[PDB]
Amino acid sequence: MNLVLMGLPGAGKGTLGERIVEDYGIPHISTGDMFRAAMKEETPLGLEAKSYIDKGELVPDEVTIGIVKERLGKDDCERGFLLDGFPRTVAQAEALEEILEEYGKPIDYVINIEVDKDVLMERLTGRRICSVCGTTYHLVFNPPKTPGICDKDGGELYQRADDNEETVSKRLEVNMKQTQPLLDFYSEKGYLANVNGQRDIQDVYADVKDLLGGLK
């Protein structure tokens, strides 16, 4: 079960992925989280990526592909993996094809989570994330039971620094222009699957899980 999750900023990749990893036990590999986790620890990777992330721009292909190649080679990706946010460029997609061809783990499905660009600003500005587990909430669409704290562990919630109007805009802009080429690339490959991500969270998952039977 080798999956790739794609979608414009705020389409619901993490919300979806959380789910999938709990039900199937495949590692959730988010390049965004990895970069985040690096900026937090102030690793050399974190410092270099910060420049692009804070601006809502894409981190260079070379370094990104490099960290994804190492991750996918981990013991935990034995029965599969869930890529989240990678690739988001055709060059990364082509690079990924060789890496997997090397690991002998070709992609089963690339799941595109379709959400109209004109509602993603609302999803991102109202997003609140748990500082403890990273699970996401939304003030209007899926708020915590007790405002400001995570349902699961009681940890404080925060607002990612790039979820400000100016940076969300640039993120939508940068990713929208990479979207059609990626869809084309995988549509040609034959394993692109489109899902309507503008429904209740358990409804989008329901569709997704129905593309996951038979994948080992």
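Don't overthink the numbering: it's just position in the shown sequence, from 1.
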Looking at the entry, does 96-104 or 128-136 show the higher mean C-alpha B-factor?
96-104
Would you determine, from the values in the PDB entry, which of 6-14 and 195-203 has the greater average C-alpha temperature factor?
195-203
Out of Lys40, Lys55, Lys69, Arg160, which one has a C-alpha B factor higher than all the others in the entry?
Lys40
Ranked by Cα temperature factor within the chain, is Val63 in the lowest third, the middle third or the highest third?
middle
Lowest, middle or highest third of the chain for the C-alpha temperature factor of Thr167?
lowest
Where does the C-alpha B-factor of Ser187 rank in its chain, lowest, middle or highest third?
highest
Compare the C-alpha B factor of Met176 with those of the other modelled residues in its chain, then answer lowest, middle or highest third.
highest
B-factor third for the C-alpha atom of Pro27 within its chain:
middle
